[PDB]
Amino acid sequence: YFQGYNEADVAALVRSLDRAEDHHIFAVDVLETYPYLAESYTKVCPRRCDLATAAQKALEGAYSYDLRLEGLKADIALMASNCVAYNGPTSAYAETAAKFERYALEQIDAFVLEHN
């Protein structure tokens, strides 16, 4: 009968995943920053997410009922997967994507261990 994680705590966890080290490229929707990529980018990435959308989702209770924040991890994995796919696995920001995902997953697992 898990009670669920506090929405504001999950939203602050999400906000903390937006790093200057990653040049803030996961902070905002890619098509909001570059509207003319819509056709080309949606062909490679039919699903998108970003940390401003994930923070707003966290405040709606989208992730609060997952015991190990599985839904948030899938949204983080989508962000990193799209970056690797669109830019290329040997691109410089595909390495940033793998580091971001690894950092984010450690911060999520730490949150779950703290709020248990």
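All residue numbers refer to positions in the sequence shown, first residue = 1.
Novice: Between 87 to 95 and 46 to 54, name whichever shows the higher mean Cα B factor according to the PDB entry.
Specialist: Mean CA B-factor is higher for 87 to 95.
Novice: If you average the CA temperature factors over each stretch, which comes out higher, 36 to 44 or 75 to 83?
Specialist: According to the entry, 36 to 44 carries the higher average C-alpha B-factor.
Novice: Quick check for you: using the entry's CA B-factors within this chain, is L31 in the lowest, middle or highest third?
Specialist: Answer is middle: the recorded C-alpha B-factor places it there.
Novice: Looking at the temperature factor on the CA atom of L67, which third of the chain's modelled residues does it land in?
Specialist: Top third by C-alpha B-factor.
Novice: Compare the C-alpha B factor of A20 with those of the other modelled residues in its chain, then answer lowest, middle or highest third.
Specialist: Highest third, going by the recorded CA B-factors of the chain.
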